[PDB]
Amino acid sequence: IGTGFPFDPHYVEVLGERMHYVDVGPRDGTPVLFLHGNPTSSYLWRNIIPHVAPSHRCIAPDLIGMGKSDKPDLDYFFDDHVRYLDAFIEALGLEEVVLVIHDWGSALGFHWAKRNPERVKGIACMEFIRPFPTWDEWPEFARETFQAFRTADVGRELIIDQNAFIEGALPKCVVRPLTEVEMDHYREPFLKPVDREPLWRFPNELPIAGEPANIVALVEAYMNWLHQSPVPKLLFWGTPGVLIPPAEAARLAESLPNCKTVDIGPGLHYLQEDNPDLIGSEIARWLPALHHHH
């Protein structure tokens, strides 16, 4: 699995701040927009993009405060990310897109699709955010950890002061061992502890046990939209998974319209690090049939 990042930087200024993004592939079609989550960046897509770039433009932003993007002193609520990504998409002049989304990138992508349904030609998703109505729906191995993350004292100590999301949660949610070169790519944006705010606010925003209410409501709303939308969907899942365990993926296969599921084999949360070639090759071969407007 490749460790390098052979993509030239692009930057766009939106809402006073620079956002970095990958931008490769032809300009004359429907672009494929890749949205990472916590605590990753466009680096997460590095081994997937090469499968898609031959046929389609690939745009992979680093969320505000992450990756090579600027670091405004924000609270980094989901709403901040919504504002910055909305402005990013308009700044690039995107019209119709295909979404390829993960984790908080999936909350962003599904929320954007619900608000802009005529502009979404397909959604490839994996390990995406849905409501967890109670803590029992959250995977047991990660329950005490995330309960601790979602506190103002211990959670800040673990994530900000000890870098637990980068040093702990990230490699623990890849089945294969991440290499030190890969870890250094993930560490780079967060070498200074104070810059870890987004990494702590994100788990505090997850819709778990009814809290925070605003996020629960908006995730319910995009899920209601998704269940009624005819848009083509491609859902990748692994075993045992984290947010989408195998039985959940099978329920979604049946309960989402026009949904193809792809079993990637062993996987926890960061499925892209366990089987990038299957994810990329399956996305690439699924794109052509999305083109036609019927």
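Heads up: residue numbers just count along the shown sequence, starting at 1.
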Mean C-alpha temperature factor, higher of 135-143 and 94-102: 135-143
Residue stretch of maximal mean CA temperature factor, 60-68 vs 244-252: 244-252
Maximum C-alpha temperature factor, selected from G109, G122, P171, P203: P171
Residue of maximum C-alpha B factor among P189, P117, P207, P198, per deposited coordinates: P117
Lowest, middle or highest third - CA B-factor, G280: lowest
Position of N258 among the chain's modelled residues by C-alpha B-factor, lowest, middle or highest third: middle
Among modelled residues of the same chain, the CA temperature factor third for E273: lowest
Entry-reported Cα temperature factor of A289, expressed as the chain third it lands in: middle
Third of the chain's Cα B-factor distribution that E127 belongs to, per the entry: lowest
